[PDB]
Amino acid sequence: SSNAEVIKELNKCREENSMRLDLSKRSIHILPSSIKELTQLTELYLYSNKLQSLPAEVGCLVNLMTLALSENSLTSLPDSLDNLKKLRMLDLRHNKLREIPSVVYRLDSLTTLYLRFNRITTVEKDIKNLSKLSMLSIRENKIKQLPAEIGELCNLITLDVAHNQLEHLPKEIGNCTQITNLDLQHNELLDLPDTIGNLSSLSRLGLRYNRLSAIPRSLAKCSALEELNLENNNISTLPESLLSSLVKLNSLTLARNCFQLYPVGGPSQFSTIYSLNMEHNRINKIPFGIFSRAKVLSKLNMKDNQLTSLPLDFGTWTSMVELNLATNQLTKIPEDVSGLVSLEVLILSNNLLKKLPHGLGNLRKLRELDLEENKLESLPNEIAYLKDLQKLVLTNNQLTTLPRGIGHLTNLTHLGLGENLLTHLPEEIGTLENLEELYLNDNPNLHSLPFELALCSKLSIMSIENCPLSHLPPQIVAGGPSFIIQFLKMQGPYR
């Protein structure tokens, strides 16, 4: 927009006595001082422009309740904004602030303040003057400390300080008894204040990517917690039965910490959670009976730990829908796996399995089975009953042949057999109606392909690189999968 077009918009706003002025997304460099005549405005939108300064005449808009300055190049604000005694929402995200503008601390009518993605380094004590703040966002700045005066914001409900450099929280934070959403992800927190337990309305606590080595015992008093994310810290234990007290917990993440065991407390601590993430720790066992009360537990991730076997009652996890045990030291899957009738995803990558239990074929709803990077020397005939299976990953195992029953996997679309010892594929491969991707690359003993492979009418991706295939015409295999399938098709019994 040119200066004249902006003035035309102001004049239209005046003539129509409009209470809303939207000048966003116009590449405006200068806001003309003529804005002073629009005293009836309650909402002024100027986001996504090129403003490097705001005219002091904006202070004449005494009726303003919303001022959005997002995505400009502002470094300051005129002191005349003192006169906006009714301002409720101020958005200064995506500017060039090295500080909270001095005048903002005097806008004590504010209930919503967005400072996200600037270069602010300090939160002055004067923050106490904004006692009506219910939503405060200082996400993605350079703040290294919060003043104790933050505890005077007793109406604070949502506080987002994600992506800063905080090492501690002032204990006075416990005076914000209304806080229900607290995001502290990606800071440098060494600990949490014991007063944190005062936040009895806290429902979401984001703490991923910090430096916590322990959780305060008083966190058990935040009984409204539904989402607790402790990913990537330095925690090895949880205080006595902390989880048992979180009666609304829906999902818990302990991944990327220092746990050698499950937190002590028994099955009472998992009675409500829907998903449990413990990947990338050093847990050496799943306790017997810890899920006996986990009636809604649907997703368990134990990837990259120290499991050498599964618990005796493994077969009782009838509500489990997604289970990840990759990168452990499992040498066998118990036959009791047949009890996981709700399991749809099973990840067993990078273990020490040489064979699979017969009970695997009872997982009637299993859709994804990842077995790459094991030592599998064969597949059980029971796999024929995995009728819901869509993806089967067997990359880098020791398979030489496939069970003929594999032809009953009519829902299978992805079959990854790369880096195996296959000598041939069963003729029943032709009944894989929905097969789309067949990876056979790096099978140095695979000298043939069955003509029935031409019957897979949805096959569009196949890799045979580094497969001998010496039983097929050399010029055929030299042409790649397109000529190979063509040969099997028009040279076979099914043309």
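In case it trips you up, residue 1 is the first one in the sequence shown, and so on.
>> I need to verify one thing: averaged over C-alpha atoms only, is the B-factor higher for 28-36 or for 466-474?
In response: Per the PDB record, 466-474.
> Which of the two stretches, 238-246 or 302-310, shows the higher mean Cα temperature factor in the record?
Replying inline: It is 238-246 that shows the higher mean C-alpha B-factor.
> Which of these, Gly418, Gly206, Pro147, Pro263, has its C-alpha atom at the highest B-factor, as the entry lists it?
Replying inline: Most elevated C-alpha B-factor of the set, per the entry: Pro263.
> Say you rank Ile120, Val341, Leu133, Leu166 by Cα B-factor from the PDB entry; which sits at the top?
Replying inline: Reading the PDB entry, the winner on C-alpha B-factor is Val341.
> Among the chain's modelled residues, which third holds the C-alpha B-factor of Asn397?
Replying inline: For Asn397, whose C-alpha B-factor we compare with every modelled residue in the chain, the answer is the middle third.
> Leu41's Cα B-factor: lowest, middle or highest third of the chain?
Replying inline: Ranked within chain, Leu41 CA B lands in the middle tercile.
>> For the chain shown, is the CA B-factor of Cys456 in the lowest, middle or highest third of its modelled residues?
In response: Highest third - that is where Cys456 ends up once the chain's C-alpha B-factors are sorted.
> Is the Cα B-factor recorded for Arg367 in the lowest, middle or highest third of its chain?
Replying inline: Ranked within chain, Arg367 CA B lands in the lowest tercile.
>> Per the entry's values, where does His408 land by CA temperature factor relative to the rest of its chain, in the lowest, middle or highest third?
In response: It falls in the top third of the chain.
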